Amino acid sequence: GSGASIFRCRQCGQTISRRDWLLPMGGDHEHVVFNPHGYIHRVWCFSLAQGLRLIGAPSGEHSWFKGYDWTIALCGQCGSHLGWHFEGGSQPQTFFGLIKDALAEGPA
C-alpha cells in the first residue's frame, strides 16, 4: 500500500476519508462542540468521505455550522454512527463533520 494517511471506521475498518480531504471550515478542520445533552464531540470536517449512508431528513436544528442543515451519517458497512453530512450551504455546498473518536487514522 501507499501508507497515505487515511481514516477508517473504528468499528469495522472500512476506509471513510483521507487526511488530504480535511476541510478547514471557518479556519479549522477541528470543531470541539456539544450535542444538546452536553456531551462533547471533537468533530473533524472533510470535503469528501466514502462508505457512509445518510439517515433521515436534513435538519437545521442546533446546527453547528451556520447556514447548513445536517443529516446523521452512519458507516454503510456496520451501521456505526460516524458523524453528519452538512448541506444547503454556500462554499462548499456540502461537507462531512465526522466524530474523530469514531475513526482511526492510519496508513492506507
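Throughout, we count residues from 1 along the sequence that is shown.
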On mean C-alpha B-factor from the PDB entry, just flag whether 60 to 68 or 75 to 83 is the higher one. 60 to 68
Once average C-alpha B-factors are taken from the entry for 2 to 10 and 97 to 105, the winner is 2 to 10
Just the C-alpha B-factor column, please: which of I55, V43, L48, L52 has the biggest number? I55
Binned into thirds over the chain's modelled residues, the C-alpha B-factor of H29 lands in the middle
